[PDB]
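*Asks:* Below is a structure I'd like to ask you about.
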Amino acid sequence: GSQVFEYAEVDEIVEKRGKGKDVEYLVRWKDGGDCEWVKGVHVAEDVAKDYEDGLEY
Numbered sequence: 001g002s003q004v005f006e007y008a009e010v011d012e013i014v015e016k017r018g019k020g021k022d023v024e025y026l027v028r029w030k031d032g033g034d035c036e037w038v039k040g041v042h043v044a045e046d047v048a049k050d051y052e053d054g055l056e057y
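Reminder that position 9 of the sequence shown reads as 9 in the entry's author numbering, one-by-one numbering, no gaps.
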């Protein structure tokens, strides 16, 4: 299990997943070793959750 599609957004969220009350989608642009998103609520937390969570489960 890992990156499903290409996953080279390099600008349009690649990853996510966080604390029960803290998630974020923004892990494609720069990154490399780890994730560098900011916030989900701002980056559509409940929109991209289905995007990756299902793909790169």
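For every residue, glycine included, the Cβ atom is placed at its ideal position computed from N, Cα and C.
1. Quickly, what does DSSP pair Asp50 with across the bridge? List them, please.
2. Could you check if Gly40 is buried or exposed, using at least 16 other CB atoms within 10 Å of its CB as the buried criterion?
3. Could you round the C-beta distance between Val38 and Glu24 to whole angstroms and report it? I think they count as a contact, below 8 Å.
4. Please classify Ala48: is it buried, with 16 or more other beta-carbons within 10 angstroms of its beta-carbon, or exposed?
5. The ligand GTP heavy atoms versus the CB of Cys35: any closer than 7 Å?
*Replies:* With the structure as the only source:
1. DSSP lists no partner for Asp50.
2. By the C-beta density criterion, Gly40 is buried, having at least 16 other C-beta atoms within 10 angstroms.
3. 6 Å
4. buried
5. In terms of ligand content, the structure shown is empty, and the ligand GTP therefore cannot be addressed.
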